[PDB]
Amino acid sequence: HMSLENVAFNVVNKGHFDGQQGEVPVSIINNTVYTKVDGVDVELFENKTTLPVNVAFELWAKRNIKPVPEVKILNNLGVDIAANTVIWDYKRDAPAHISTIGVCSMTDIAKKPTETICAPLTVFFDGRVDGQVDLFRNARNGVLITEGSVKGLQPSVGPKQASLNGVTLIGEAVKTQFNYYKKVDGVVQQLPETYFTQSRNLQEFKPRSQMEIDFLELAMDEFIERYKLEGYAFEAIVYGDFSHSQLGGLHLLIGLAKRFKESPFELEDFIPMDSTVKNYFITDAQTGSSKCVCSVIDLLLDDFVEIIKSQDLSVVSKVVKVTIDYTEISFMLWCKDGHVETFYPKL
């Protein structure tokens, strides 16, 4: 018994769609949904998606409000669609997936993930939901998360963090650490050994190791001395070189955090979406040093150290491949006389 007015009743009275009965008066103007309260219109939803306003409204209302994998993880694993839920993409302000299963009659391709239309799609299954483990067992293509073990299946330990109503966090009152499983053409896959990005932000950056505390509290030379990093070119890769018109390096999020706390700067996020490597057009306000495409990745500094110390440094240039967030990220490594010169990602 689905209806625009009933979706709005749930948003007004429950904060989201909860399956409660009721109606409130609704107006649609431009891409915006309003409801009438004490005689005046109140905005409930502004559509920023490429879907029709009332469809986007319903999917937003029906979003998963438990901790869920970050969208970049789901993307990297090839997820096309979710079983009987909506993963809302808060970095795009839109649904993570174009179609649905058992959610919304305007976007559903099926009511259940067992229907034939779903076979070529990589369906996301949530073991926290009754019966979805068994649906993963029966599905041709899929990704499954669980909180515990699944009998017979070897797990891959996922990131510590997950997304709860658009907030990425390491749960204390709720669990955000998942096991991951994947199937392709009916065959369980070995998922690769992988690093994970930390999904932190520049302002409220918080270190997660002693090495990272030292990086943010020591001077560049004192830190490089303590961790014996001469020759790996941290001065440019991590800290950033602001002395020439073309901004040098600055590829680790922690480097930007250190800089930002000292001297602010501008980060144009010109592909606003969730992804393992982010590209920014950066302009440093103090110096005028800038760079059109500054690839930035948020690795735990210890992990980045392990990576760069695990390469052969005897060639002018080479592609270095690293599995991060279950996807292969390609880095360019440039070396001169056995020292790194630069080492930066690519999107």
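Residue numbers run from 1 along the displayed sequence.
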Q) Which has higher Cα B-factors on average according to the PDB entry: 81 to 89 or 255 to 263? A) 255 to 263
Q | Higher-B stretch (mean Cα B-factor, as the entry records it), 4 to 12 or 336 to 344 | A | 336 to 344
Q.
According to the Cα B-factor stored in this entry, which of the following is highest: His97, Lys183, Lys72, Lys228?
A. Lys228
Q. According to the deposited entry, which of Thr276, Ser245, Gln198, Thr122 has the largest Cα B-factor?
A. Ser245
Q: Give the position of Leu218 by CA B-factor within its chain, expressed as the lowest, middle or highest third.
A: highest
Q) By the record's CA B-factor, is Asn76 among the lowest, middle or highest third of residues in the chain? A) lowest
Q.
Lowest, middle or highest third: which one holds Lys318 when the chain's residues are ordered by CA B-factor from the entry?
A. highest
(Q) Looking at the temperature factor on the CA atom of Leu164, which third of the chain's modelled residues does it land in? (A) lowest
Q) Lowest, middle or highest third: where is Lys66 by Cα B-factor in its chain? A) middle
